[PDB]
Amino acid sequence: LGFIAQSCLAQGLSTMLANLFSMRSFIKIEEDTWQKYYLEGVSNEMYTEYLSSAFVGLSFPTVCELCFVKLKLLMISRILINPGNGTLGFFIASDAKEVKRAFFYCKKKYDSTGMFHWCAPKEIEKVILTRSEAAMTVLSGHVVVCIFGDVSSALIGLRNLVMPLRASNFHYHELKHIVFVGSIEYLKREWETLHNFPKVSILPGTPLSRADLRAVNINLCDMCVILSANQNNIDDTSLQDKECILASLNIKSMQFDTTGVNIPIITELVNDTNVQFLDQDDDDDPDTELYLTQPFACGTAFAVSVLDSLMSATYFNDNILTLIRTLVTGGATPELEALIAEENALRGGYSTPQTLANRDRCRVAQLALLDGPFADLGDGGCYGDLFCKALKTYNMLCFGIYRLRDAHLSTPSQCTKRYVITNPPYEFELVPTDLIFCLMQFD
Amino acid sequence: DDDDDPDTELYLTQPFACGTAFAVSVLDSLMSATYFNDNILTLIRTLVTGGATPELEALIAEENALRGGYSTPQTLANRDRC
Amino acid sequence: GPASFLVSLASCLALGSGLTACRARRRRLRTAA
Amino acid sequence: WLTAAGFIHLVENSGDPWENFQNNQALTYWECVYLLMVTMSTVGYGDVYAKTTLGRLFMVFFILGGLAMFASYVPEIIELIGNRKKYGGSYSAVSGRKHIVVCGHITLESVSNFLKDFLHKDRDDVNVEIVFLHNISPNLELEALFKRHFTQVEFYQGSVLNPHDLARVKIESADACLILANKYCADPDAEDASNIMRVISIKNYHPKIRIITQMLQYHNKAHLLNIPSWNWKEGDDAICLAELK
Amino acid sequence: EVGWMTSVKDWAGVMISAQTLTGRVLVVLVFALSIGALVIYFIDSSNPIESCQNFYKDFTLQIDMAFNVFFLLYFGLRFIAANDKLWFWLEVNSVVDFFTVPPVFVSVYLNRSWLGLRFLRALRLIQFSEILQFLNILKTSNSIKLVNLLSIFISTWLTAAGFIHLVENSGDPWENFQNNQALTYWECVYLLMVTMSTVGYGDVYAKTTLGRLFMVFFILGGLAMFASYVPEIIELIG
Ligand SMILES: [Ca+2]
Ligand SMILES: [Ca+2]
Ligand SMILES: [Mg+2]
């Protein structure tokens, strides 16, 4: 759910986050396709390494930026992400052989803590909506969650989905509205924990209904999430996510006053085989792995099977798991774990100067390229200059490139799906139509 | 008041021949007729269930609930069906 | 062996082609009748 | 087998020591192999047998451990060798003759009814070849029915969900795809679900193909309209049996 | 047009099946002449391994020539209608045709008859369930399975007995054919029945090196066949 929410904040983040943990060796293909560039980003894994004595001098932060040219590697006492303003460097090196180059080379508004947002409890009747008011209410760039459930269905737990979207550096004006569509009985069952959350709406019905989706302004939503809970009841392989897929398709097949095929929608699949049904303009082979599938590479698909590699990475150095918990789901401060353990219900209080000071966290964001002062680097032909300028001007580091699938071909196309690139090489050509992953700071 | 033999087919049975019996098994032959020229299925849909106009299919798809409005001269003109 | 097998195969193919040709013109040339 | 045969050869050629090696039967190694094969197979011709005291003792102590071994290994070895896919391979696309693919609920009665209605002499002289695609291998009755339609139908065992099996039946040149439905089911929703899956799976491989299918409910038929490539204009069909009934 | 090769392939496929009167006649003729060839091999078994017989002064050789000519024509018809040529070449009926017809042709040419692989004609007995299913006589699953089991069992039994007869009558070549046991075909049938039934009286048995080798390699594949077919055949009959 944290990866899903991260993808909602910035599309394609879940795919690269999952790929950063799986150990993949470098592979090359002769043909020039979209997979050729994608496979150059999956080769980068998440590592932990100590710093050198050359970087322990006047200041830890100022040396971190712009030093990646010499080291040819990326950097990301305590948990440190984009350190601005003995330390374990969270690297994105492609292998453990060349990661030994840092130390070796020497030339009531908030919650009880302020990590999230809190508001007065709400009653289920004060948030239940209807097609009349849902269409009347205006929603743009919001979050829509399609929930499948029944009377005897299992419990997913939506508290971990709205939590990542309500971080400290997310202002109330910038907070993304979340609306849940599905059976009201399931939401009533989950309402015991889903009541201290602000800016939430629930529309009864089913996600398979076009009118209910039309009411909640699906066309202009920032991200559509398809989730299911009944898959633990049926044991038939063919029938499993036989659901979810139909809805993803109805979403794609809708027609507005344009077609909804380009609507950003992410689907959770329990069976990895069903992913071939997500897209029709792609090669479907059961032999290929999930990470090679186009819908997964584009950030529109996610499965729990890619998280099984987390155990091996966690074992070798445990610092990664807490880094994951502070990179997704907002932040898992030691105190918050105890508070959740003892009350099992998030509560807040009056803010303090130190409470507001707990806001220096930098969170992910998606940046365009068509407009901005950095337009000179839109087609500069060198990716390294782009992130060097980002670091040396506005203090922002980019994970990589969110690139169009058909941008590699000279002829134009109407394709909209974009796949993820993690840490492109220094001599990497750029395209004017592109999206940039970044860790924006607070203000 | 009829001869009951398990060997005989449903279409030969007196209650079915008199229109007092119906089963979904007689509709399995619809696929073969539909394949050879598809115009029959829409002819079936316009001969039974009143009429399946292209617009009505979309309206049922999007709201899943039949609704009406004020009539128009062209709306009343859509009545020449026999 | 092989020569007799080839002769039998050629005879079968010729008989089939001749029968097909005879039936074809018997059927088409008399479609109206 | 070889170790027992070698031990018998050594014992029979080299007589028992307490008899001053005076029981040399002069048995070749191949003869001992044959004797071991006969003895552990329970047949026991008796033309070749052990005569020395040690040979008879080893035969007695080897019968118990070898008869069971033979009876438990030979049929099982045959069973593992016989594991094969009878209805494999792909379909060859013949030029000038269109073919259709039929999948879904395939059964002796349904297939027979479809064949007798599709291939009736009442229709015009049209030569369309039917290719079946089912996961479960046909039984003797269904194979016998297919034999009576030797030049008109073919069967290929496989799953419609697998894109490889769809390429095996060559849907690229197929005229139409036909999906039968299990009307007499205990869960119409589940049957419509599986069928909507094939609908999709077929669409994912080749959107351009036309589909004639049976739906037991009207809401599932409405859900079929949500499929992106539900091109009913050029050709597509969805017979709702409940609606038509 | 529509393909001349496809037209003749479809014509042969219709002819092989019993879909037309000519097809049914050909199928019945194949059945009858397979039975007749088996009977002819049974009669000719009493003759020595090698002999000289005049084609135009003998009554059996002419009938055998007609039978194998018809079998050659049927093989050609099957080959025209065959889907895959390589896998049709490896079928059991094709192999027995290849090892049965050319030797009789050579025997007619050379005026000298050798009882070699003529026992393979019993393998033609296998293709009987397909013959009955083409004629629509055999429909129900139980009877189809019973006919399949009976045909396979009898064909394998007769083929093994014929191979034993050939091997025992014609001694191993490396011993200058000095191991002629002089076993009648009925005696070989009895020996095969006894051996695959596990009983093993031992009064009749193979003494040649090739005969013992075939017995060893046939016990494994025949004891299981007998034990799995005879009780099951009895069950379907009952
Ligand atoms: Ca790597
Ligand atoms: Ca696909
Ligand atoms: Mg065919």
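Protein chains in written order, with the deposited numbering: chain A, 491 to 566, 577 to 585, 592 to 613, 684 to 833, 871 to 1056; chain B, 894 to 975; chain C, 269 to 301; chain D, 246 to 490; chain E, 90 to 327. Beta carbons: idealized from backbone N, C-alpha and C, even for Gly.
Checklist entry - Beta-carbon of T927/B versus every beta-carbon of chain D: anything under 8 Å? => result It does; some Cβ of chain D falls within 8 Å.
Checklist entry - In three-state terms, what does DSSP make of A271/E? => result In the structure shown, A271/E sits in coil (DSSP, three-state: anything other than H, G, I, E or B).
Item to check | Per DSSP, the bridge partner or partners of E539/A | outcome: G595/A
Checklist entry - In terms of alpha-carbon separation, which member of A431/D, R455/D and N449/D lies closest to residue 190/D? => result A query on residue 190/D cannot be resolved here, the shown segment of chain D reaching from 246 to 490 and no further.
Checklist entry - What runs of the alpha helix (DSSP H), each 4 residues or longer, lie entirely inside the region 940-974 of chain B? => result The region 940-974 of chain B contains, as complete alpha helix (DSSP H) runs of 4+ residues, the segments 947-956 and 966-970 (chain order).
Checklist entry - How long is the line joining the alpha carbons of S922/B and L425/D, rounded to whole angstroms? => result 11 Å
Next on the checklist: At a CB distance below 7 Å, what residues from the region 436-454 of chain D approach chain A? Give them in sequence order.
Outcome noted: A438, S439, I441, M442, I445, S446, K448, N449, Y450 and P452
Checklist entry - In chain order, which alpha helix (DSSP H) runs of at least 4 residues are fully inside the region 687-775 of chain A? => result For the region 687-775 of chain A, whole alpha helix (DSSP H) runs of length 4 or above, ordered along the chain, are 707-712, 735-738 and 760-765.
Checklist entry - With distances taken between CB atoms, is the gap from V103/E to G112/E smaller than 8 Å? => result With respect to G112/E, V103/E sits close: the two C-beta atoms are nearer than 8 Å.
Checklist entry - Do the CB positions of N258/E and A271/E come within less than 8 Å of each other? => result yes
Next on the checklist: Between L423/D, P473/D, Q459/D and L406/D, which has its C-alpha nearest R443/D's C-alpha?
Outcome noted: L406/D
Next on the checklist: Can you pull the chain E neighbours of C290/C, defined as C-beta to C-beta under 9 Å?
Outcome noted: What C290/C touches in chain E: nothing, since even the nearest Cβ is about 11 Å away.
Checklist entry - So which residues on chain A does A954/B lean against when the C-beta distance must stay under 7 Å? => result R786
Checklist entry - So is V128/E buried or exposed if we call it buried at 16+ other beta carbons inside 10 Å? => result exposed
Checklist entry - Do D885/A and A916/A have their C-beta atoms closer together than 8 Å? => result yes
Next on the checklist: According to DSSP, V346/D sits in a beta bridge with which residue or residues?
Outcome noted: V376/D and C422/D
Checklist entry - Distance, Cα to Cα, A292/C vs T299/C? => result 11 Å
Next on the checklist: By the 9 Å beta-carbon criterion, what residues does the region 146-176 of chain E contribute toward chain C?
Outcome noted: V158, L161, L162, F164, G165, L166, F168 and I169
Checklist entry - So, is the C-beta of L287/C closer than 8 Å to a C-beta in chain E? => result yes
Checklist entry - Alpha carbon to alpha carbon, what distance is there between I937/A and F609/A? => result 24 Å
Checklist entry - Are any of the Cβ atoms in chain E nearer than 8 Å to that of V319/D? => result Interface flag for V319/D against chain E is set, since a Cβ pair is found closer than 8 Å.
Checklist entry - DSSP three-state call for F1050/A: helix, strand or coil? => result strand
Next on the checklist: Just to check my reading of the structure: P191/E and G269/C have Cβ atoms closer than 8 Å, yes? What is that Cβ distance to the nearest angstrom?
Outcome noted: 3 Å
Item to check | beta-carbon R393/D near ligand 1 non-hydrogen atom, thresh 7 Å | outcome: no
Checklist entry - Beta-carbon of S244/E versus every beta-carbon of chain C: anything under 8 Å? => result no
Checklist entry - Are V193/E and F144/E touching if we call contact CB-CB under 8 Å? => result The beta carbons of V193/E and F144/E sit no closer together than 8 Å.
Next on the checklist: Quick check on this structure: which residue in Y130/E, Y279/E and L150/E has the alpha carbon closest to the alpha carbon of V195/E?
Outcome noted: For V195/E, the nearest C-alpha among the options comes from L150/E.
Checklist entry - Exposed or buried, which one is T189/E when buried takes at least 16 other CB atoms within 10 Å? => result With 16 or more other Cβ atoms within 10 Å, it is buried.
Checklist entry - Where do the N-terminal and C-terminal ends of the beta strand (DSSP E) with residue 229/D fall, by residue? => result Here chain D has residues from 246 to 490 only, and residue 229/D is not among them.
Item to check | Selected residue, minimal CA-CA separation from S106/E, among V288/E, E219/E and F187/E | outcome: Ranking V288/E, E219/E and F187/E by Cα distance to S106/E puts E219/E first.
Item to check | Neighbouring residues (CB closer than 7 Å to any heavy atom of ligand 1) | outcome: Here the list is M513/A, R514/A, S515/A, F516/A, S533/A, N534/A, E535/A, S600/A and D601/A.
Checklist entry - So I447/D packs on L469/D, CB below 8 Å; how close in whole Å? => result About 12 Å; that fails the 8 Å criterion.
Item to check | Exposure of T1024/A, with buried meaning 16 or more beta-carbon neighbours within 10 Å | outcome: With fewer than 16 Cβ atoms within 10 Å of its Cβ, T1024/A is classed as exposed.
Checklist entry - Going by the beta-carbon positions, is the gap between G480/D and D931/B smaller than 8 Å? => result yes
Checklist entry - What do you reckon, are the CB atoms on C422/D and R393/D nearer than 8 Å? => result no
Checklist entry - Relative to the C-alpha of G291/D, which residue among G310/E, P320/E and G291/E is closest? => result The option with the nearest alpha carbon to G291/D is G291/E.
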